[PDB]
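*Asks:* Supplied in structure tokens, the structure appears directly below.
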Amino acid sequence: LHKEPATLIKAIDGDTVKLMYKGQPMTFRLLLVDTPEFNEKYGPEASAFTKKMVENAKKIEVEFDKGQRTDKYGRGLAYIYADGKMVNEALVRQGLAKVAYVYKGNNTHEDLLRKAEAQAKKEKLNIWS
Ligand SMILES: Cc1cn([C@H]2C[C@H](OP(=O)(O)O)[C@@H](COP(=O)(O)O)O2)c(=O)[nH]c1=O
Ligand SMILES: [Ca+2]
């Protein structure tokens, strides 16, 4: 996999972000994670976490996996990096997302996110408390 440049247009929620990619606006949905909706418990916390992370970053990068790059809703499907730190991983580490939507061909970072989930779980962080 390879990292590609992109620019923040707007935070949306815990697992969706609007980005300028190859000069086109696109909604990106984070691979391999599920944050609660804004209206659910830890929803505002998940949204705030992602918001801070992408807004404070100097450099946003997009990394597609080996399978589909767009979902049935026309959302980009990617790992998103903020100053080299993967947003998908950070949410799971913090207990602000569950590992989820793991489909074959788009699962390069599965083991890495499952490690993070195991540590959030042992620490009973947020969703695991
Ligand atoms: C993360 C992800 C979601 N999706 C689709 C499946 C779900 O659609 P259906 O429920 O219609 O089957 C939806 C969940 O997204 P949200 O968690 O953003 O709601 O997005 C993919 O198709 N591939 C993916 O990698
Ligand atoms: Ca969600």
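By order of appearance in the structure tokens: chains A, B, ..., then residues from 1 within every chain, and ligands from 1 in the order shown.
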Dump the neighbourhood of ligand 2 as number ranges by chain: all residues within 12 Å, distances computed on only C-alpha atoms and all ligand atoms.
*Replies:* A: 12-17, 29-44, 46-47, 91, 96-101
*Asks:* With DSSP run on the backbone, what are the strand (DSSP E) residues within chain A? I'd like them as a PDB file with C-alpha atoms, in the first residue's frame.
*Replies:*
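Listed below is the output, selection.pdb:
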ATOM      1  CA  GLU A   4      -1.315   9.702  -1.176  1.00  0.00           C
ATOM      2  CA  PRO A   5      -1.740  13.407  -0.383  1.00  0.00           C
ATOM      3  CA  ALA A   6      -5.152  14.952   0.347  1.00  0.00           C
ATOM      4  CA  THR A   7      -6.535  18.029   2.074  1.00  0.00           C
ATOM      5  CA  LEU A   8      -9.165  18.425   4.728  1.00  0.00           C
ATOM      6  CA  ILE A   9     -12.462  19.947   3.553  1.00  0.00           C
ATOM      7  CA  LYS A  10     -14.441  19.179   6.781  1.00  0.00           C
ATOM      8  CA  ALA A  11     -14.782  16.845   9.759  1.00  0.00           C
ATOM      9  CA  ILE A  12     -18.074  14.935   9.649  1.00  0.00           C
ATOM     10  CA  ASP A  13     -18.172  12.303  12.391  1.00  0.00           C
ATOM     11  CA  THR A  16     -16.323   9.895   8.018  1.00  0.00           C
ATOM     12  CA  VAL A  17     -14.317  12.891   6.821  1.00  0.00           C
ATOM     13  CA  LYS A  18     -14.722  15.144   3.721  1.00  0.00           C
ATOM     14  CA  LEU A  19     -11.382  15.483   1.825  1.00  0.00           C
ATOM     15  CA  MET A  20     -10.008  17.071  -1.362  1.00  0.00           C
ATOM     16  CA  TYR A  21      -8.445  14.147  -3.212  1.00  0.00           C
ATOM     17  CA  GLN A  24     -12.112  16.512  -6.191  1.00  0.00           C
ATOM     18  CA  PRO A  25     -14.179  16.662  -2.940  1.00  0.00           C
ATOM     19  CA  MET A  26     -14.933  13.170  -1.578  1.00  0.00           C
ATOM     20  CA  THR A  27     -16.449  11.753   1.606  1.00  0.00           C
ATOM     21  CA  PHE A  28     -14.116   9.140   2.987  1.00  0.00           C
ATOM     22  CA  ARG A  29     -15.382   6.317   5.251  1.00  0.00           C
ATOM     23  CA  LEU A  30     -12.583   4.814   7.387  1.00  0.00           C
ATOM     24  CA  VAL A  33     -13.836   0.560  12.029  1.00  0.00           C
ATOM     25  CA  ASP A  34     -17.249   1.507  13.384  1.00  0.00           C
ATOM     26  CA  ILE A  60      -3.417  14.402   5.680  1.00  0.00           C
ATOM     27  CA  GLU A  61      -2.767  11.279   3.613  1.00  0.00           C
ATOM     28  CA  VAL A  62      -5.103   8.713   2.072  1.00  0.00           C
ATOM     29  CA  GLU A  63      -4.077   5.037   1.761  1.00  0.00           C
ATOM     30  CA  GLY A  76     -14.016   6.656  -0.594  1.00  0.00           C
ATOM     31  CA  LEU A  77     -12.739   3.706   1.461  1.00  0.00           C
ATOM     32  CA  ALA A  78      -9.326   4.310   2.930  1.00  0.00           C
ATOM     33  CA  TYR A  79      -6.968   4.321   5.880  1.00  0.00           C
ATOM     34  CA  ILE A  80      -6.520   8.001   6.811  1.00  0.00           C
ATOM     35  CA  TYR A  81      -3.222   9.347   8.304  1.00  0.00           C
ATOM     36  CA  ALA A  82      -2.768  12.581  10.214  1.00  0.00           C
ATOM     37  CA  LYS A  85      -0.633   8.685  12.596  1.00  0.00           C
ATOM     38  CA  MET A  86      -3.479   6.441  11.377  1.00  0.00           C
ATOM     39  CA  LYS A  98     -14.869  -1.192  17.178  1.00  0.00           C
ATOM     40  CA  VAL A  99     -13.101  -3.232  14.520  1.00  0.00           C
TER      41      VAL A  99
END
*Asks:* Using backbone DSSP assignments, extract all helix (DSSP H, G or I) residues from chain A; output them as a PyMOL selection string.
*Replies:* chain A and resi 43-55+87-93+110-122+126-128
*Asks:* CA of residue 93 in chain A and CA of residue 119 in chain A, how far apart in Å?
*Replies:* 6.7 Å
